[PDB]
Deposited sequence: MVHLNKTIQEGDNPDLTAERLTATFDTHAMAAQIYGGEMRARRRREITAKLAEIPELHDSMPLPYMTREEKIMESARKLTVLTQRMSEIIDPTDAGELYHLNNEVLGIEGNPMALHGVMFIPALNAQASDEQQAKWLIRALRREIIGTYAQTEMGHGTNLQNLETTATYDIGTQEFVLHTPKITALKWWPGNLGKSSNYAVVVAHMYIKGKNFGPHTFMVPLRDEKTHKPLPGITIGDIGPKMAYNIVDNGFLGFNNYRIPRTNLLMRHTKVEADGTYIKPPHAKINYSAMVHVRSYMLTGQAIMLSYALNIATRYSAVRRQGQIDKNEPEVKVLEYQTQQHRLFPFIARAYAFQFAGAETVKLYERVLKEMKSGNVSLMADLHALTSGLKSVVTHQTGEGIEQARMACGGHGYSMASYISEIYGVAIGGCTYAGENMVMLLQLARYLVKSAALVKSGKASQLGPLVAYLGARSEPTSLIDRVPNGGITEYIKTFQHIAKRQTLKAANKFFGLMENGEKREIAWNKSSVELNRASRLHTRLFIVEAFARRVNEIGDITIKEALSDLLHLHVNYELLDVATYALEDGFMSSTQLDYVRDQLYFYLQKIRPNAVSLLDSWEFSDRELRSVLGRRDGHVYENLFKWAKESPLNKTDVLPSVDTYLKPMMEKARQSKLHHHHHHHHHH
């Protein structure tokens, strides 16, 4: 058997050659990627089981379809999926369901996408025990379809200025929902337009004229039998989008729509029947769990671009040798491999974040602040660097990347949306910047010892100079220490600019605005430091020497590519020299060439079947050209030879001349 477990007989030999050079077992790397040998094996067992159920396969290639056709296809697969789920899956294994959906439903959306991502989690986090019994069970059994309705046409970021109102009628004992203007329409909740018949709905709660602020409510939207909008409801789709068009993102409006008092979600907060209010002592779920989604989507795109790079030949290096694999050019390795490093790094960073999400929550029955800040920065950097890498992966396929035969353009449209959902990236970076400024005030005021673990480096003292290419035994610790220095220096520098403008008389919020770009520079460096450290932490946890060396090579590529990308900050104070920067450059180009024989195996280790990956250029077997010709020939515009546009128009136009 081969160390690379994806080789099959008959595969394109140009691609097999790249798998044959693997130094590690791809099953063992999968276990690392997916958090356990068991987890990885279940992925493969699910994939092998779905191969025997053709009902759950793409009835035709998805890029052939109109929006209407895709929505029908998705619901077709979903009904079959919900019926047969237990034959394939442990429904309670949130991990198995995610993979099952990726193979069967894919990334473009489905009618119950929000049902899982937010509707159920909102019920877990905010409904009382009695209410969970009424609604959460019906949701889990898929008796109803639900979503989470927070954003409105005129507000998504702010929320203290939402316009939908829930006014408590003390007699009758109902909440009266009302949408006073068009801008108060709920707007963007996924699966709200056509699919959901219930929603959790954020609205400003009014009692005795007093505004208690945003609160969440269970709201029936459509009749459970005919699916018509209940009286007082205005509801529909918000139209087509950049991507993710299978989800029916919706608008929702209320004309004095009454719900029971008990529709207010009361695990935290109560409104008694007379009107009395009792105060208690997320959205954070989405940010914590979306990081794998981005890593995975980045890995989709790199699997395709790197596989295609092994089969695509183009140009000569040596004039007496044949055309080389484009994978041969340093320019091509340089535009792919740093992103393979990033995809592993994002995965490992996401595992630590999910652990921290579970660690708070557990402790919540003084660390939510640290989690909110980490997640704020990480969601913004990961999403932005993923987009950069996906698009580099598309363009690395040449002309054909622009075709939907690559599928990378759809991977891009869906992944990039995470720059805006779950918190605008600019806003989430400034959210982290507030935490970093608080931390900088601790340092400046002598309370350095009160810094939490994630931000203690801001209190540490820097050595004069950075010991890259100095201390014997080139270690990743001198790179970590260099990242720490530049992130601390920019954090304290940006903070002090802010403090200095207030000291000089400017209002807090105007000084904040004037320093906000600088402050986002700090957030970004602090977060990019976190990704490095998480990557290095995993490399050191591993005992299997072949796996450890493979990921260690990747880590070395990571720290040199990233440090070079931020070299400006290392040079400003002379922390780094010209000579150390040329060392980082030569190291970057060295580790490109080191990684190459493993590049395809490092991506095969994610173990995406063709039915998941949906790419012709990225076919597991490497037989691109023949299947690309078929895919073109079978596409909808080639049904007829001479188009209606040519008969109706165009031919008459030519005749007239």
item: Stretches with no C-alpha atoms in the model, relative to the deposited sequence starting at 1; value: 1, 283 to 289, 374 to 377, 670 to 684
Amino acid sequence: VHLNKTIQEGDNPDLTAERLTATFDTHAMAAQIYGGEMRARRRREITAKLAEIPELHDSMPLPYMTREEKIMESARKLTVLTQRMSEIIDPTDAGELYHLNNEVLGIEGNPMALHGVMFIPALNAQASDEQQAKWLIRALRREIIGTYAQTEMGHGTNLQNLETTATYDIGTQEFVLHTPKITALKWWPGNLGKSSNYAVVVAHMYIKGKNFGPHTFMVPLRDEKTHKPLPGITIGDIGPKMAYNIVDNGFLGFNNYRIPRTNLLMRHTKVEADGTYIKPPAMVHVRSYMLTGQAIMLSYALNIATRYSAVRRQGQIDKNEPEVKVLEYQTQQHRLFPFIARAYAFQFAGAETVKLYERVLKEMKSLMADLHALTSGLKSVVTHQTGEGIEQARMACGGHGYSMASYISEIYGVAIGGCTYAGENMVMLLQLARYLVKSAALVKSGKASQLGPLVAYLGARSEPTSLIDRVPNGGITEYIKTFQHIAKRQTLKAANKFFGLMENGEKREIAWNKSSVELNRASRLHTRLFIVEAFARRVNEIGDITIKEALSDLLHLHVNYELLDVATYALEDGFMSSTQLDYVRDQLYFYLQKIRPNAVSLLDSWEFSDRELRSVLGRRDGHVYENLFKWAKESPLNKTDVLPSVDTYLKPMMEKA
From here on, numbers count along this sequence of modelled residues.
item	value
Of 36 to 44 and 598 to 606, the stretch whose C-alpha atoms average the higher B-factor in the entry	36 to 44
Given 300 to 308 and 119 to 127, the range whose Cα B-factors average higher in the PDB entry	119 to 127
Out of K514, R528, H334, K355, residue topping the C-alpha B-factor column of the entry	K355
Out of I207, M404, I238, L430, residue topping the C-alpha B-factor column of the entry	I207
Assigned third (lowest, middle, highest) for the C-alpha B factor of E163	middle
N197 CA temperature factor, ranked by third within the chain	highest
Relative C-alpha B-factor of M85, binned into the chain's lowest, middle or highest third	highest
CA B-factor placement of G574, once the chain's modelled residues are sorted into thirds	middle
For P111, the third of its chain into which the C-alpha B factor falls	middle
